[PDB]
Every structure is written in structure tokens, then in C-alpha cells.
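K.L.:
Top line first, the protein sequences correspond to chains A and B.
The numbers in the numbering used here rise by one with no breaks, and the one at position 28 of the first sequence is 28.
The numbers in the numbering used here rise by one with no breaks, and the one at position 62 of the second sequence is 1062.
Yeah, the Cβ is synthetic: ideal placement off N, Cα and C, and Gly gets one too.
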Amino acid sequence: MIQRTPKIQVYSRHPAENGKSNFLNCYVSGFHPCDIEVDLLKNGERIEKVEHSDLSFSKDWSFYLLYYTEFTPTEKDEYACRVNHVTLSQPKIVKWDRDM
Amino acid sequence: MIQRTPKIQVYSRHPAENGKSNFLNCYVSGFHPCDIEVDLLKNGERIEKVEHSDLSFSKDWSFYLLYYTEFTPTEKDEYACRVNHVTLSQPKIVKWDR
């Protein structure tokens, strides 16, 4: 497989509501090679106990990986996913759109 | 060292009986880093139609990956698993033994 840079989706499990518990997700996909670093951020700082799936792929070694954690959004807090990969010269930061 | 060379096991789901439908498996495990190439081979040639698990994280910080394929063995056909990994000087071929 050739080098391929990741696609990134950030989304919550349920329709977001301030003060209500939820799950925050970062899905990284279509990438190669498999080594990748992903943080979920709250107000720009790393969230510590985030979990992830295994590395999925179909016919080719083009990889798919989900990072997720419980969270309770509030009006003041903003969330993001930060991804580093060999294809990336600097970390890529994708903000969470509240509507997703 | 955090690099770990893959353990490679090649085995059929049932013991070998020419003519009966079976499964060929290559279980590659205990490796680090995750970057790896695994191919199932029939007579030295890559089998195009194969199945596999996720490339999976172990509790000891290593990885594993299973490749498998439906096949029907015969007396002539020979099978192997080829694995390439940073810890190996050249691709490693491990033959299947009935």
C-alpha cells in the first residue's frame, strides 16, 4: 500500500446537550501506514483516558481506527481531535461541530 | 528494545484431507511496530481472495493479525504465509505442513 493521509470525522454519539453525558468520537480512516497518534482535546488540552478500537481494513492495508470517550459538554467547553501521522508535517486539528 | 519480531503460525482449521473444503490460517502475533505485510501463498503465488481479522492491539503493547482463506487441498498444491516486518532482513516465508 502507498502512504495515505488520514481522513478525520469528529462526532458525538447522541444529539448534544449542555450538562448531559454523551460520547465524543474521532474516527480516522483511509490511512497508511498503521502507526498514528490521536488525542481528543478539551479546551486545547489532552483528555487522558480515551479508548480506541483495533485497526480495521478491507482488501488493502488502508486503515480505520476510532478513538472515543465519555464526556459532558458545557457552553464554555470546546472539543477537538488532534492527529499526527507520517504523512503529516504537523498535527492536524479538527474541531467538534456541536451539530454532529 | 520496543521492536518485536512476529511469531508466525500457519495451520489448517482441520487436518489435511485432499478434496474436502477447509480453511488455511496464518496467525501473526506478538509484533511491534504495527507496520506489517502478510500474504497467503498457493504455489508461491499470492492468493487474491482472502479474509482477515482486525490488526489488533494486545495488552502487552504488541499487535496481532489473522489471515485466513477457504481452500480445498490436493496432493500437488503447496501453501505458505509470507510476512514482511521491520525486524526481518527479508520477507519470511513459513510453509504449511499437513
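1) Tell me whether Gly44/A sits in a helix, a strand or coil according to DSSP, three-state version.
2) Under 8 Å by Cβ, that's how I've got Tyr68/A and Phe23/A pegged, so tell me the actual separation to the nearest angstrom.
3) Give me the DSSP bridge partner(s) of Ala80/A.
4) With DSSP as the reference, identify every bridge partner of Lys1007/B, one or two as the case may be.
5) Please report how far the alpha carbon of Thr1072/B lies from the alpha carbon of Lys1049/B, in whole angstroms.
6) By the three-class DSSP mapping on this structure, what secondary structure does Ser1012/B have?
7) Tell me the rounded alpha-carbon separation between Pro91/A and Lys42/A.
8) Count Cβ pairs between the region 1006-1020 of chain B and the region 55-69 of chain A that sit closer than 8 Å; are there 3 or more?
9) With a threshold of 16 other CB atoms inside 10 Å of the CB of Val28/A, please say whether the residue is buried or exposed.
10) Determine which residues of the region 5-26 of chain A have a Cβ less than 8 Å from any Cβ of chain B, and write them out in chain order.
11) Report the rounded CA-to-CA distance for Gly1030/B versus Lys1059/B, giving the unit in angstroms.
12) Taking a Cβ distance cut-off of 8 Å, strictly less, list which residues of the region 53-84 of chain A are near chain B, in chain order.
P.N.:
Reading off the structure:
1) coil
2) 6 Å
3) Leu41/A and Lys95/A
4) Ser1029/B
5) 14 Å
6) strand
7) 16 Å
8) no
9) buried
10) none
11) 10 Å
12) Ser53, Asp54, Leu55, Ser56, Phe57, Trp61 and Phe63
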